[PDB]
Structure formats: structure tokens, C-alpha cells
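In C-alpha cells, the next block holds one chain alone, the form deposited in one PDB entry.
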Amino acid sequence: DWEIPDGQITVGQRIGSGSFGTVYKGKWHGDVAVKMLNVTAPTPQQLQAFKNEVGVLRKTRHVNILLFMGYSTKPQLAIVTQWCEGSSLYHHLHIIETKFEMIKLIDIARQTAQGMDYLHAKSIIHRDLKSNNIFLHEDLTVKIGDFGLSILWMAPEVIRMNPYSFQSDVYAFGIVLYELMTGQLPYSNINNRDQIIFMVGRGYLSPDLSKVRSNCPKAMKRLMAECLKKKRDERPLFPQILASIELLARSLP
């Protein structure tokens, strides 16, 4: 059992609030992260969503997965993970425009695929992989999670509309691959969210692969296309994705 004894966790500075939960930095045997539900009485749907997240995270134990540490049901619903120092991959690529070099982008790719493989082996479908959910711990270690509190990462069959599968996550990983090698989001020239949803859903729109860094190895570019295949079945599974990056990582540095 992973229930943290009552009255141990001291909540500190308020990080991020969302329509559902709120995150605080806190103290429990050092620095910890705390995702709380700020409600006086939780509904059955809230209670159930809590029990899912906990049920899932307790099955994870891997360097590329955000480390789960415990939960508290009284006084308020809370999930406790390690405290990570750094930013999301989203932040580095699109906000503070960190210029990583090729070797490092590939290491991020590998590590993300490393953890993704882990989740899939245990029948865990992420359902919402995106650069924002990939936290870069100490600007070294990928820690995949759900920092949720959308659309660019959604595969066609998820937009047309349970349509989630191992392959739906690969497409999201494909978009993350795109972000890494371009440094930009897909469809940056289109400024109408509703139209993107329509177009990607019909196959009219695809990420423009021509925008890759000149020094992105061909093997990376070819893997990317495989992951973005509009049809579920054509997309490689993560064991093959990893193998492909691990073959490419070989003859490069």
C-alpha cells in the first residue's frame, strides 16, 4: 500500500492550477511535487479518475517515467511524485527556444521512446503524449507524465472518432519527433484551430517534413514519416521505433 500517513506532506509554493486539479511544490522527505484536487466533496467521477491515475502510476518504475511516491485521500485527494528541476520539452523548443545540438535531440528522442516502450509493455496507453508532457529533468533525463490540469498531437482516427491504441501514441511521438528535428510546431502557417481538426482528420493536412534541420540524419527523417502514417496499421510499434534509433545512434557522434 502506498498511502502516505496523514499530516506528513507540507504543501509549499503554488505551481499551476487547472479546471480539475492544482499542482504545488511541497515537502515530504525532501522536495516533492503534489497534484491536489481542490474540492470540498469529490464526485464519483472525480474519485474514479483519481483511482485510475494512482492505479496506473503504481505500476510504473522506470528512469524515463516521472517517479510516483504516494497519495493521500484525507484531508484532500492528492498525488505525490518527485520534484523535477528544469522545463518541459515544449518550453525548451517553443518558448525559450533552446538550440540543442543533433546528438542531444536524438538522445531525447531515444529516452522518450525508451519510456514509451516501457508503458506499452505494461498495457498502458498514454492517451496524451506531447512535448508539454515530456519534462526535461536537469536538462538531461526525460521524465514522461501527464501534466494535464490537445490537437496537434492527435492522429487522424482520434480526430474522426475508444479510438486510442498503441499506434495513436506513436503518432503523437511522431509529432514530438517533428518538434525536435524542426524546433517548431506543425501547421504554424495555419491560424484556425477548427480547420486543422477538419483537415488532419481527412488527410488533407500533413506535417511538412521539409522543415527538418539540414543535419538531421536521413534515418531519423524516414522513421518520422513511418510514425506519422495516416493509417493506424502502417505505423511501427515502439520496440521497432527504439531499435531504429538505437541503430542510428551507433554511427553518428
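Residues that one form lacks are left out of the comparison. Numbering starts at 1 and follows the sequence shown. Heads up, when I say rigid core I mean the largest set of C-alphas that superpose within 1.5 Å between the two forms.
One more form of this protein, deposited in another entry, exists but is not displayed; see below.
Large C-alpha shift between this form and the one not shown, rigid core held fixed: of 196, 209, 54, 185, this applies to 54 alone, with a displacement of 2 Å or more.
Here residue 63 does not count as shifted, since its C-alpha moves by less than 2 Å between this form and the one not shown after the core is aligned. Core-superposed comparison between this form and the one not shown: CA of residue 87 displaced by less than 2 Å. Once the rigid core is overlaid between this form and the one not shown, residue 242 does not reach a Cα shift of 2 Å, moving by less than that. Annotation: residue 87/residue 53 CA-CA distance longer in the other form than in the displayed model, change of at least 3 Å. In the other form, the CA atoms of residue 131 and residue 17 sit closer together than in the displayed form, by at least 3 angstroms.
Taking residues common to both forms and aligning the rigid core, Cα displacements of 2 Å or more over three or more consecutive positions between this form and the one not shown occur in 1 to 54, 67 to 84, 147 to 149.
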